[PDB]
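Each reported figure results from applying straightforward, stated rules to the coordinates on display, with no laboratory input. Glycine gets a Cβ as well: all are built from the backbone with ideal geometry, and neighbour counts include every protein chain shown.
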Protein chains: 8
Amino acid sequence: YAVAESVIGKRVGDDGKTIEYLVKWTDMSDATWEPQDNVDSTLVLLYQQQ
Amino acid sequence: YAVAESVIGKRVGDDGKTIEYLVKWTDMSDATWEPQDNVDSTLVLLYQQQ
Amino acid sequence: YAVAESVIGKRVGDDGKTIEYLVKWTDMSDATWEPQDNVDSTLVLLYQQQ
Amino acid sequence: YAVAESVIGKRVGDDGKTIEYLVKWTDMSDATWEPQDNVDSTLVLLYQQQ
Amino acid sequence: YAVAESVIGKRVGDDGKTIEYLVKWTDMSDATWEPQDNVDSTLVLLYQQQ
Amino acid sequence: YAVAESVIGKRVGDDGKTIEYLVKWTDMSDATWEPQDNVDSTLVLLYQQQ
Amino acid sequence: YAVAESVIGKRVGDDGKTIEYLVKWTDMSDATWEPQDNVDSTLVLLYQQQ
Amino acid sequence: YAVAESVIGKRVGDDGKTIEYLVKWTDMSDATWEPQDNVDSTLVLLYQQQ
Ligand SMILES: [Mg+2]
Ligand SMILES: [Mg+2]
Ligand SMILES: [Mg+2]
Ligand SMILES: [Mg+2]
């Protein structure tokens, strides 16, 4: 699964009709799942605001 | 195709005359084209302002 | 060793109980240890505030 | 050649005396040298302020 | 979802009992899903052998 | 533009019919276009065989 | 901690005496520690030969 | 400074005459200079053959 950063492009697809946007994704490299105790409350509290 | 982030360098080329700048590019890794429905209006509306 | 950037996810672990957060890490690629003289005072003074 | 982003660490070296800082570097991947005409004046004018 | 390349490490976990291996993963950056027609039969036939 | 390395996955698309393969791409980071003189004949001769 | 792939360079250090080699490291991005059950015996058996 | 892996492309430059090849470079990320003692003789002996 992944989360989108921003949009950096716009084009027309192969069908010649549909509009496609170029989506920048957060790298899932340099990303791990860790138990709630290993993380600092701060970063979590910032995630909750998002 | 690619989009430029910023300039982080300045030098003289091999001809000994022309000025070259060092351009940082957005990685086209972690980037996909997706149909207009898969994207959130927000990120698009931010792209339109750019 | 590594340093955490932010939290970009939340899930339940394999035990079906514990809460896990998805932690983005700074890449340790593009990172070297250098003696105190090679670094500019500025970047250090910014690190001290962190 | 390379340019430093920030400092994200501090340690003591192998000699047991000297202080070392952990320097994050801009990736020189996703970076090319391009002639002054290919670049937008804007990004250059931002580089000049740096 | 992800696919494992190889094992490059071995350690003992935080419980002090369980054995953990360090798994190298294929980057899911530089990876896209594409319809069967866009791909060459060859690469597919190589995948089928895997 | 890009060049395919291998196939590392297989799935069914959103339409519920079409077969999609997961294509690993060569990173276009760490890649530059250079004049024929800057390159060694060898690497070129290897490209010609491909 | 890290593991070395190969050597791709050779130079003289800042002291003007010592010989330094340029070491390519496996990225610790795209690498996680996982319990012995999550890994396939094969990859482990290949690690043991190393 | 950098070292070339292979050639993965061929095109005509902007002048409309010169032939350009697309060169894949080893990432200088995940690469450090280390004293001759920190490296294993093996990897060095493999570098000498190159
Ligand atoms: Mg990645
Ligand atoms: Mg890339
Ligand atoms: Mg890395
Ligand atoms: Mg790099």
Requested in this report: State whether the residues of segment A:9-17 include one that is within 18 Å of E:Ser29 (Cα to Cα), in contact (Cβ under 8 Å) with a residue 12 or more places away in the chain and not small (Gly, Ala, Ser).
Outcome: no
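Here is a check on your reading of the model: is C:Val3 within 23 Å of A:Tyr1 (Cα to Cα) and within 7 Å of chain A (Cβ to nearest Cβ)?
Considered against the rule, which asks whether it is within 23 Å of A:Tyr1 (Cα to Cα) and within 7 Å of chain A (Cβ to nearest Cβ), C:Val3 comes out as no.
If you go through segment G:8-27 one residue at a time, do you hit one that is within 9 Å of chain H (Cβ to nearest Cβ), within 16 Å of ligand 2 (Cβ to nearest atom) and closer than 23 Å to C:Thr32 by Cβ? Don't jump to the end; show me each part of the working.
The first filter runs over segment G:8-27 and keeps only residues within 9 Å of chain H (Cβ to nearest Cβ), leaving G:8-11, G:13, G:18-27.
Those left that are additionally within 16 Å of ligand 2 (Cβ to nearest atom): G:27.
Then keep just the ones that are closer than 23 Å to C:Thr32 by Cβ; that gives G:27.
Yes, that holds for at least one residue.
Is it fair to say D:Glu5 is buried (at least 18 other Cβ atoms within 10 Å of the Cβ), under 15 Å from C:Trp33 (Cα atoms) and more than 16 Å from ligand 1 (Cβ to nearest atom)?
no
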Query raised in the report: Among (1) part of a loop (DSSP other than H, G, I, E, B); (2) over 15 Å from B:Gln36 (Cβ atoms), which single condition is A:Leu43 missing?
Result: (1)
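Only one of these is more than 16 Å from ligand 1 (Cβ to nearest atom), under 22 Å from A:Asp27 (Cα atoms), free of Cβ contacts under 8 Å to residues at least 24 places away in the same chain and under 20 Å from the mean Cα position of the chain (by Cα): B:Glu20, B:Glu34. Name it. Give the derivation first.
Values: B:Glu20 fails: under 22 Å from A:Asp27 (Cα atoms).
Only one candidate passes the filter, namely B:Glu34.
Out of all the residues in segment D:39-47, is one or more facing chain B (nearest Cβ under 7 Å), in contact with a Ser or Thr (Cβ under 8 Å, 6 or more places away or on another chain) and within 16 Å of ligand 2 (Cβ to nearest atom)?
No: segment D:39-47 contains no residue that is facing chain B (nearest Cβ under 7 Å), in contact with a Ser or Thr (Cβ under 8 Å, 6 or more places away or on another chain) and within 16 Å of ligand 2 (Cβ to nearest atom).
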Requested in this report: Considering only segment G:11-20, state which residues are assigned to a loop (DSSP other than H, G, I, E, B) and in contact with a strand residue (DSSP E or B) (Cβ under 6 Å, 6 or more places away or on another chain).
Outcome: G:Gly13, G:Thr18
Report summary line: Among residues of segment E:21-38 being assigned to a loop (DSSP other than H, G, I, E, B) and surrounded by fewer than 15 Cβ atoms within 10 Å (Cβ to Cβ), the residue nearest to ligand 3 (Cβ to nearest atom) is E:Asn38
Report summary line: Out of (1) surrounded by 12 or more Cβ atoms within 10 Å (Cβ to Cβ); (2) farther than 17 Å from F:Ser41 by Cβ, the one H:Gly16 does not meet is (1)
